Number of protein chains: 2
Amino acid sequence: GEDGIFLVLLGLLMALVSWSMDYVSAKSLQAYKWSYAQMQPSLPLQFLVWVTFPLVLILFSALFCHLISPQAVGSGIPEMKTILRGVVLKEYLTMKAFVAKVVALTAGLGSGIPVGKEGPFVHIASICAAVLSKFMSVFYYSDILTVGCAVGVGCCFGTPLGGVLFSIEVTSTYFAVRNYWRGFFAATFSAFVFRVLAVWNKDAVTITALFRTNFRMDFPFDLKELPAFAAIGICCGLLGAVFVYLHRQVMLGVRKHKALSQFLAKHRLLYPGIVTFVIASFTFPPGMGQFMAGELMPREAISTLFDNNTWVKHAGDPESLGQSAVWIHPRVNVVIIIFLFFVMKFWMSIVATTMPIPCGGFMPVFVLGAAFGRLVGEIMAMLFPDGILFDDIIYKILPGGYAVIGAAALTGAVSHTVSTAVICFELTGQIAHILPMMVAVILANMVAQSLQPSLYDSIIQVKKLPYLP
Amino acid sequence: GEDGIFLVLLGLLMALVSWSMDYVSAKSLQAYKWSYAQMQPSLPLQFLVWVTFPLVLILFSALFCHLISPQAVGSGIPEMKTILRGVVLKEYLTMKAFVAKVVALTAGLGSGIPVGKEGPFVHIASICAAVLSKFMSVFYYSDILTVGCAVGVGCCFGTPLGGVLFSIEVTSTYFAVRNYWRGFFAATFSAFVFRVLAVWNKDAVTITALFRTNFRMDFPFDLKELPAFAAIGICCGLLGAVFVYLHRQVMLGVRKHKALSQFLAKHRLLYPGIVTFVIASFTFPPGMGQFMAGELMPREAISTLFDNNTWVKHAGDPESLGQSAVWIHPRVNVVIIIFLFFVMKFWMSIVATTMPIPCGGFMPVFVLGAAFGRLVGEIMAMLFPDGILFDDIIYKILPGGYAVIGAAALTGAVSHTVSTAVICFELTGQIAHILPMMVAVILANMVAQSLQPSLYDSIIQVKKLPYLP
């Protein structure tokens, strides 16, 4: 009927918005790197620019989520999964919030602070679905929200079927397969237009997925290492649980005492600002980024962590690798700097997503999972030096695969879902490690579902929304 | 709770059954090839053995679906998708049919006649689910059938998430996500045990998917060829529709007249037997297999059609390729033999799946799709000789990708579903062509949903089961 025209118009209007915002964010971020390099090597000057650019940009984003729309702070998927369980929120789906959010999500992304991308984008995709429906036939409600969620995540990442699985498996109890067909149609069209546009205007020469990895697909892994994958199941789930626990121990920590509540009511934007300050103090590269690999914005950080070469063995030479040359210090072994990167981005991510900013809880958790995966992969490669044999040719293990297993498993354990593995392999561009990441996702899910509740369940519990089951 | 023990026991019991039956079928089929080669080149003797082995084995399978269980003929998914819409069939889920079906599906598969594998396997997986539940807690119903369907197709092909999508998207109207989690768990465990067992006992050296393809993943296809994919959408959908139409024009063709009904009631097993005969008459390789590539059992036939080299250009030399050397005739161009293979397996497949045998409608449709795909790929490679340029290196197109697009799209158009692309790329082992196969699956679905009904809908219409919507 007249469903196809509405769905194709939603897809073509969502791809341009996603492409525009990350185009602008990428140009702002490379201008940041450019100016920071190109002034001079002056260590106080480097500190002051490396601090004053993210404070300006994050306080700008907090200003445009405070001023225009007072209801879009703390946004993302948990209040809309509260909405589709029956509760209506009338003023919350206003078009005026839309322009109030997108520009904030630009200025949440153009800095190197770990935030999400998915959550506010799911919200604005639902906004565009509702507005385009209300404009339609003036010249069904949970259907509109489910199609909005599918188009939102499948237009974030160019991952259609991971989009429709992410819409069904957490934001529902029953599900009409009419929405399955509609969400699959609109999500694959949005992911189609978003990827071909980066060949038209910019240069990404073909319809490569987003983050390709050149693994070898000829004996990737034997079953002599397979219980190691069991470890990267279980520990990730355990680590995922601790994340959720500590998240609540900051949320209530904002609201536990009258003193800091009076301090925040004295001036609202002071809480993001200074804490932006302190994580800039641990990201300055000659300050502590030597011990940290601090000079990595997160997109190229996880393009780096999915590399196809062993970092312990290429440390005997000063050979120029890609960006991964920042992962070599002349005094410290690389296992220690992966360890410190993991622990400091781990406590940095919770306090980064705590602040009153449009936040998603997917991307920094994905980065933490990749870091833990490559940690256990590098100690596997250090433990078994020779590799094993094949027809007069030697195959040695490679730790990019461990990184992609961990970057599926830990965010699957945090967000209490099994469909994270789908967008994981659909971002990485290869499915060589597919059933080990499914087994690891399921082990991490059963451990992190035994111990603690989900992330979004804790958010709706602390924010105290009407949530009946 | 006590769900995990039941699901892991179902998975480990289903993997052994699938592995055992295709182990036995593969050994029988290679013994067929072995004896046929190893007697002598005597052209009447070759004819008589090439005919008398499939007649014996197919009449044996028809005997063991006629004798023990009189209710398991015409089995597969459409009567069970009738069952889960409300209608009960009491005597149909008896354990006695289980042993009556599995051995038949061995002797439906050990011959080279095109049959399915999925349908009767979904049925026996539901049988094992129900029996293991009734044995459980003596020392929920649609849940048991949906878990049975997911384990069935994900244990056929080692494809978990394509399994759970194949269970939701056609055999439901609503869907409880409890069954999503259970089906995902049990399907990935079944696909895990099935693939690692082929390294323990037999040799498939690692957890390679099933049918790997070595494409190049470095500029697979430009967007200068992309409307060709539009053609392999639309035509496949049109061709898929014709398949369904002709299928009904044989089913009613059995039941249109009293004469052939009296002829069949005279002797029931005569109808499969002789028609097995006639397709053997068009598969004898010096008879007509020169013009046909007849000496290809279907599994190695579609391992051949997914090859990474151009068949027009490697015809100037008598170089030994793999099995694909059967695709070269010294007098006939290869486009004509792909064309004749397609048209003769097209009319052969409907009459092959017509006969009273446990049949699935997935595998021969998959083969027909691969043949049409490589047809349009070879004429694309014949049309554009030079390829195009890159950094002083030339990239020419390769027609394996067209074959895998067509083998997704035409069976997606026949079975009226979008989740065929998932098991397509999960069998082929690479996701380089993923969003073109999604776009082609959706174009073929909208054309073949405009023209004719589904395959299984026509089956339940002609068999006249109680089907309310």
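Residues numbered from 1 in each chain as written, not as in the entry; some residues may be left out. Chains lettered and ligands numbered in written order. Heavy atoms only, no water.

Per the deposited record, determination of this structure is attributed to cryo-EM, with the resolution reported as 3.63 Å.

Labelled according to the PDB entry, chain A appears under the name Chloride channel protein 1, originating from Homo sapiens.

Focus on the overall build of chain A
The helix and strand tally for chain A stands at 18 helices and two strands. Its C-alpha atoms give chain A principal-axis dimensions of roughly 70 × 55 × 50 Å. Working note: accessible area of chain A is about 20,200 Å², and carbon and sulfur atoms make up 68% of it. In chain A, 30 positive and 23 negative side-chain charges are present, and the distance between their average locations comes to 15 Å. (Helix = DSSP H or I, 4+ residues; strand = E, 2+ residues; numbered from the N terminus. Areas by Shrake-Rupley, 256 points an atom, 1.4 Å probe, with all protein chains shown as cover. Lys, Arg positive; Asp, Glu negative; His and termini not counted. Charge placed at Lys NZ, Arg CZ, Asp CG, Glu CD.)

Quick word on the interface of chain B and chain A
The figure often quoted for interface size is the accessible area lost as the parts come together. The partner chain A presents 48 residues to the 47 residues of chain B that form the contact. With both sides pooled, the region where chain B packs onto chain A buries about 4,600 Å², and carbon together with sulfur makes up 79% of that total. The largest per-residue losses of area from chain B upon contact with chain A belong to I207, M217 and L435 of chain B, which jointly make up 13% of the total buried on that side. Between chain B and chain A we count two salt bridges in total. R212 of chain B serves as the salt-bridge partner of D218 of chain A, at 2.9 Å between the closest nitrogen and oxygen. Along the contact surface separating chain B from chain A lie seven residue pairs in polar contact. Put simply, the parts of the chain that give the side of chain B that touches chain A at least two residues each are α7 (160–168), α8 (177–200), α16 (420–428) and α17 (434–451) of chain B. Sorting elements by how many residues they give to the side of chain B that touches chain A places α8 of chain B first, with nine residues. A class-by-class count of the residues in the side of chain B that touches chain A yields 31 nonpolar, eleven polar and five charged. (Contact = heavy atoms within 4.5 Å. Buried area = accessible area lost by both parts, 1.4 Å probe. Salt bridge = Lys/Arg side-chain N within 4 Å of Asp/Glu carboxyl O. Polar contact = N/O pair within 3.5 Å; in protein donor to acceptor, adjacent residues only side chain to side chain. Nonpolar A, V, L, I, M, F, W, Y, C, P; charged D, E, K, R; others polar.)

Description of the side chain of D22 of chain B
Residue and element names in this part refer to chain B. Checked against the element boundaries, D22 lands in helix α1 (residues 3–38). By relative accessible area, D22 is classed as buried at 17%. Among the polar contacts made by the side chain of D22, one reaches the side chain of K117 at a distance of 3.5 Å. Not counting the four nearest positions on each side in its chain, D22 is found in contact with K117 and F194. (Buried < 20%, exposed > 50% of the residue type's maximum accessible area, 1.4 Å probe, protein only.)

Re the environment of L57 of chain B
All names here are of chain B. Inspection of the secondary structure assignment puts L57 in helix α2 (residues 43–66). Accessibility expressed as a relative area gives 16% for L57, which makes it buried. Note: C-alpha distance between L57 and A107 (50 residues apart in sequence) is 5.7 Å. Apart from the residues within four sequence positions on either side, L57 is in contact with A107, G110 and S111.

Examining the state of the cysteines
This structure, assessed with the given rule, holds zero disulfides over all chains. The thiol of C155 of chain A is not disulfide-bonded; the next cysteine sulfur, from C156 of chain A, is found 6.9 Å away. The closest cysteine sulfur to the non-disulfide-bonded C424 of chain B is located on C236 of chain B, 11 Å from its own sulfur. (Disulfide = S-S within 2.5 Å.)

Observations regarding unusual backbone geometry
Residue and element names in this part refer to chain A. With phi around 45 degrees, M217 is a residue other than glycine that occupies positive phi space. With respect to the helices and strands, the residue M217 is situated in the loop between α8 (177–200) and α9 (226–254). The phi torsion at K464 lies on the positive side, around 60 degrees, for a residue other than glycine. On the basis of relative accessible area, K464 is assigned to the exposed category, the value being 68%.

Observations regarding the relation of the copies chain B and chain A
Placing chain B over chain A gives an RMSD of 0.0 Å and needs a rotation angle of 180 degrees, together with 0.0 Å of translation along the axis. Taken together, the rotation and translation describe the operation of a two-fold axis. It is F175 of chain B whose C-alpha, among those of chain B, lies nearest the rotation axis, at 2.6 Å. Taken together, the interface assignments show that 100% of the residues at the interface of chain B recur at the interface of chain A, consistent with an identical surface on both copies. (Least-squares fit on C-alpha atoms.)

Here's the deal with the pattern of salt bridges
Pairs may arise between side chains of opposite charge once their charged atoms sit close together. If you walk through the whole model with that rule in mind, you get eight salt bridges over all chains. A salt bridge links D457 of chain B to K81 of chain B; the nearest nitrogen and oxygen atoms lie 3.8 Å apart.

So, the side chain of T276 of chain B
All names here are of chain B. For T276, the location among the structural elements is in helix α11 (residues 270–280). On the accessibility criterion, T276 (1% relative accessible area) is buried. Residues within four places of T276 in sequence aside, it is in contact with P54, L55, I58, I113 and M355.

Focus: empty space enclosed by the protein
What the largest cavity holds in volume is close to 550 Å³. Along the wall of the largest cavity there are 38 residues; nearest its centre are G429, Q430 and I431 of chain A together with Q430 and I431 of chain B. Within the residue set of the lining of the largest cavity, elements represented by two or more residues are α17 (434–451) of chain A together with α17 of chain B. With three residues, the single largest contributor to the lining of the largest cavity is α17 of chain B. For the lining of the largest cavity, a count of residues per class yields 21 nonpolar, twelve polar and five charged. (1 Å grid on protein atoms, 1.4 Å probe; cavity = no way out; pocket = protein on both sides within 12 Å on 5 of 7 lines; lining within 4 Å. Points joined across faces, edges and corners; volume = space filled by probe spheres on them.)

Digging into helix α11 (residues 270–280) of chain A
Structural remark: α-helix, 3.6 residues per turn; residues separated by three or four positions point the same way. Along α11 of chain A, the residues classified as buried are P272, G273, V275, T276, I279 and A280 of chain A. Residues of α11 of chain A that are buried make contact with α2 (43–66) and α13 (334–354) of chain A.

Some points on the environment of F346 of chain A
Residues and elements named next belong to chain A. Mapping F346 onto the fold places it in helix α13. Taking relative accessible area as the criterion, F346 reaches 15% and is therefore assigned buried. C-alpha of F346 to C-alpha of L239: the two residues are 107 residues apart in sequence and 9.9 Å apart in space. Once residues within four sequence positions are removed from consideration, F346 is found in contact with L239, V242, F243, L246 and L368.

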